[PDB]
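S.K.: A single structure is presented below for examination.
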Amino acid sequence: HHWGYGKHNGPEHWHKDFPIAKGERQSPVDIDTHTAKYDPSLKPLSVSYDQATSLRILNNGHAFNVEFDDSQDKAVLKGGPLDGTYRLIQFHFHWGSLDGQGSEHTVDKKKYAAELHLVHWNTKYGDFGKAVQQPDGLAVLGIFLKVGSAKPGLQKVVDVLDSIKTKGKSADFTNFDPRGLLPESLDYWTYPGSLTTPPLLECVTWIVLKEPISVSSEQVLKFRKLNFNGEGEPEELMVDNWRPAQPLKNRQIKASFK
Ligand SMILES: NS(=O)(=O)c1cc2c(s1)S(=O)(=O)N(c1cccc(O)c1)C(CN1CCOCC1)=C2
Ligand SMILES: [Hg+2]
Ligand SMILES: [Zn+2]
């Protein structure tokens, strides 16, 4: 009928409509810290989120997304393993029904409670739709969320979820500052991969941050109260919207730290 994360249309079934699911550079993967190569030539990451304009938040039946105005270079990502400027277009989360699962990427087989993806596209390509047609079209900055203390920067997002409860609802979400979702250190691992949901396009340079952010259980708890279904349909709680780790194949994960 259409992809989802349940018994009948979950990740295991995705390959039927999206053949690329069994490709060479699929994500997410398991980061084995003892095999990752320290690379002294990688540049430090440069995140310029000082003029970001958030527009709205919407429930799309797969997760919730905060969209930004990417008409010009207001919020960008440069440095690290990248070439050229990438524009912030949207961020979303993946989470679980329990605190010991939720993240897509794992560290030494360790699963975190949730995972934040800040999606950017390569400006040299003109618009998002063109960028998705290239090997170095996307750069997704991933951050792990660990349950502990509350993150002030996340509360604004948490407070508005009630107005976008079911599939297809949206609420205006202006003046949100993304810099509030960053950890202290910008150290990372990097590898060539893909989107973690259909169409599963292999156009992503993944930059996973080493240091996770803290989020209270009450904050994550509100994520689990969202709905996969639209208004009027039977209720199905939005939880465990994450894809299992894929085989690394012939790839190498470089670390920007020792
Ligand atoms: N989890 S993830 O980081 O690996 C991403 C999954 C998707 C990302 S990133 S996305 O931002 O690139 N894109 C997306 C999602 C919501 C809004 C938007 O403008 C784009 C879609 C749906 N998208 C339709 C057009 O072709 C590519 C895929 C899925
Ligand atoms: Hg691509
Ligand atoms: Zn994602």
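Just remember, in the structure tokens the first chain shown is A, the second B, etc., residues are 1-based per chain, and ligands are 1-based in the order shown.
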According to DSSP computed on the backbone, where in range 67-251 of chain A is there helix (DSSP H, G or I)? Give the residues as number ranges by chain.

M.R.: A: 123-125, 128-131, 152-164, 178-181, 217-223

S.K.: Residues within 8 Å of ligand 3 should be enumerated using only C-alpha atoms and all ligand atoms and returned as an mmCIF file with N, CA and C atoms, in the first residue's frame.

M.R.:
```cif
data_model
loop_
_atom_site.group_PDB
_atom_site.id
_atom_site.type_symbol
_atom_site.label_atom_id
_atom_site.label_comp_id
_atom_site.auth_asym_id
_atom_site.auth_seq_id
_atom_site.Cartn_x
_atom_site.Cartn_y
_atom_site.Cartn_z
ATOM 1 N N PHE A 91 15.215 19.276 9.680
ATOM 2 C CA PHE A 91 15.769 18.332 10.639
ATOM 3 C C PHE A 91 14.580 17.512 11.135
ATOM 4 N N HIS A 92 14.847 16.280 11.565
ATOM 5 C CA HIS A 92 13.825 15.365 12.064
ATOM 6 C C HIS A 92 14.517 14.409 13.005
ATOM 7 N N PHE A 93 13.727 13.577 13.663
ATOM 8 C CA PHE A 93 14.250 12.600 14.611
ATOM 9 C C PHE A 93 13.753 11.194 14.285
ATOM 10 N N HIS A 94 14.443 10.229 14.862
ATOM 11 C CA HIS A 94 14.100 8.822 14.765
ATOM 12 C C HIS A 94 14.127 8.445 16.259
ATOM 13 N N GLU A 115 17.706 9.755 17.506
ATOM 14 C CA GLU A 115 18.726 10.333 16.647
ATOM 15 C C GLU A 115 18.228 11.532 15.838
ATOM 16 N N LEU A 116 18.954 12.629 15.923
ATOM 17 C CA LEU A 116 18.620 13.848 15.210
ATOM 18 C C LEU A 116 19.381 13.977 13.881
ATOM 19 N N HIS A 117 18.648 14.197 12.794
ATOM 20 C CA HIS A 117 19.247 14.381 11.472
ATOM 21 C C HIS A 117 18.989 15.781 10.971
ATOM 22 N N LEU A 195 20.123 7.888 2.202
ATOM 23 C CA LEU A 195 18.990 8.327 3.020
ATOM 24 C C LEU A 195 18.604 7.039 3.755
ATOM 25 N N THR A 196 18.029 7.151 4.950
ATOM 26 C CA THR A 196 17.620 5.962 5.698
ATOM 27 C C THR A 196 16.138 5.590 5.540
ATOM 28 N N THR A 197 15.434 6.293 4.656
ATOM 29 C CA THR A 197 14.031 6.002 4.375
ATOM 30 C C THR A 197 13.848 6.069 2.839
#
```

S.K.: Going by DSSP on the backbone, which bits of range 115-148 of chain A are strand (DSSP E)? Write them as a CSV table (one decimal) with N, CA, C and O atoms, in the first residue's frame, please.

M.R.:
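Wrote selection_0.csv, looks like this:
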```csv
chain,number,residue,atom,x,y,z
A,115,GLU,N,17.7,9.8,17.5
A,115,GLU,CA,18.7,10.3,16.6
A,115,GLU,C,18.2,11.5,15.8
A,115,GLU,O,17.2,11.5,15.2
A,116,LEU,N,19.0,12.6,15.9
A,116,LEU,CA,18.6,13.8,15.2
A,116,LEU,C,19.4,14.0,13.9
A,116,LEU,O,20.6,13.9,13.9
A,117,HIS,N,18.6,14.2,12.8
A,117,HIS,CA,19.2,14.4,11.5
A,117,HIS,C,19.0,15.8,11.0
A,117,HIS,O,17.8,16.2,10.8
A,118,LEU,N,20.1,16.5,10.8
A,118,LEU,CA,20.0,17.9,10.3
A,118,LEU,C,20.5,17.8,8.8
A,118,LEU,O,21.6,17.5,8.5
A,119,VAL,N,19.5,17.8,7.9
A,119,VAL,CA,19.7,17.6,6.5
A,119,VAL,C,20.1,18.9,5.7
A,119,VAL,O,19.3,19.9,5.7
A,120,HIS,N,21.2,18.8,4.9
A,120,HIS,CA,21.7,19.9,4.1
A,120,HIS,C,21.9,19.4,2.7
A,120,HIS,O,22.1,18.3,2.4
A,121,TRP,N,21.8,20.4,1.7
A,121,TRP,CA,22.0,20.0,0.3
A,121,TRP,C,23.1,20.9,-0.3
A,121,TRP,O,23.3,22.0,0.0
A,122,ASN,N,23.9,20.3,-1.3
A,122,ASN,CA,25.0,21.0,-1.9
A,122,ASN,C,24.5,22.1,-2.8
A,122,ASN,O,24.0,21.9,-3.9
A,138,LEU,N,24.0,15.4,-0.8
A,138,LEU,CA,23.5,15.6,0.6
A,138,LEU,C,24.6,15.5,1.7
A,138,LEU,O,25.5,14.8,1.6
A,139,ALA,N,24.4,16.2,2.8
A,139,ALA,CA,25.3,16.1,3.9
A,139,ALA,C,24.3,16.2,5.1
A,139,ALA,O,23.5,17.1,5.2
A,140,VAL,N,24.2,15.0,5.8
A,140,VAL,CA,23.3,14.9,7.0
A,140,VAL,C,24.1,14.8,8.2
A,140,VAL,O,25.0,13.9,8.4
A,141,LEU,N,23.9,15.8,9.1
A,141,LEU,CA,24.7,15.8,10.4
A,141,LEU,C,23.8,15.0,11.4
A,141,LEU,O,22.7,15.4,11.6
A,142,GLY,N,24.3,13.9,11.9
A,142,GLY,CA,23.6,13.1,12.8
A,142,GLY,C,24.1,13.3,14.3
A,142,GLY,O,25.3,13.3,14.5
A,143,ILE,N,23.1,13.4,15.2
A,143,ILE,CA,23.4,13.6,16.6
A,143,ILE,C,22.7,12.5,17.4
A,143,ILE,O,21.5,12.3,17.1
A,144,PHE,N,23.3,11.9,18.4
A,144,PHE,CA,22.6,10.9,19.3
A,144,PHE,C,22.0,11.6,20.5
A,144,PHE,O,22.6,12.6,21.0
A,145,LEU,N,20.8,11.1,20.9
A,145,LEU,CA,20.2,11.6,22.1
A,145,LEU,C,20.2,10.6,23.1
A,145,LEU,O,19.7,9.4,22.9
A,146,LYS,N,20.7,10.9,24.3
A,146,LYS,CA,20.8,10.0,25.4
A,146,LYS,C,19.8,10.5,26.5
A,146,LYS,O,19.7,11.7,26.7
A,147,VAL,N,19.1,9.6,27.1
A,147,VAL,CA,18.2,10.1,28.2
A,147,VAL,C,18.9,10.4,29.5
A,147,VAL,O,19.7,9.6,30.0
```

S.K.: Would you name the residues within 9 Å of ligand 2, counting only C-alpha atoms and all ligand atoms, and put them as a list in words?

M.R.: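 Protein and nucleic-acid residues within 9 Å of ligand 2: residues 131, 132, 133, 134, 135, 136, 137, 138, 194, 201, 202, 203 and 204 of chain A.
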
S.K.: Given the selection you just returned, output its residues as a file containing C-alpha atoms, formatted as a short mmCIF file (atom, residue, chain, number, x, y, z; two decimals), in the first residue's frame.

M.R.:
```cif
data_model
loop_
_atom_site.label_atom_id
_atom_site.label_comp_id
_atom_site.auth_asym_id
_atom_site.auth_seq_id
_atom_site.Cartn_x
_atom_site.Cartn_y
_atom_site.Cartn_z
CA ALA A 131 21.25 17.68 -5.46
CA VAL A 132 19.38 14.37 -4.82
CA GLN A 133 20.68 13.24 -8.21
CA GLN A 134 24.36 13.45 -7.19
CA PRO A 135 26.88 11.30 -5.20
CA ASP A 136 27.82 14.25 -3.02
CA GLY A 137 24.40 15.89 -3.10
CA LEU A 138 23.53 15.65 0.59
CA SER A 194 22.39 7.10 1.76
CA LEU A 201 19.05 7.42 -2.49
CA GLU A 202 22.84 7.04 -2.24
CA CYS A 203 23.71 10.76 -2.25
CA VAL A 204 24.74 11.34 1.38
#
```

S.K.: Figure out the distance between CA of residue 15 in chain A and CA of residue 2 in chain A, please, to one decimal in Å.

M.R.: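 Taking CA of residue 2 in chain A and CA of residue 15 in chain A, their separation equals 12.5 Å.
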
S.K.: Identify, on the basis of only C-alpha atoms, every residue whose closest approach to residue 245 in chain A does not exceed 10 Å; exclude the query and any residue fewer than 2 positions from it along the same chain; express the result as number ranges by chain.

M.R.: A: 26-31, 103-106, 109, 196, 242-243, 247-248

S.K.: From the set A:49, A:5, A:206, A:188, which residue has the shortest atom-to-atom contact distance to ligand 1, counting only C-alpha atoms and all ligand atoms?

M.R.: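 Looking only at the distances to ligand 1, the closest residue turns out to be A:206.
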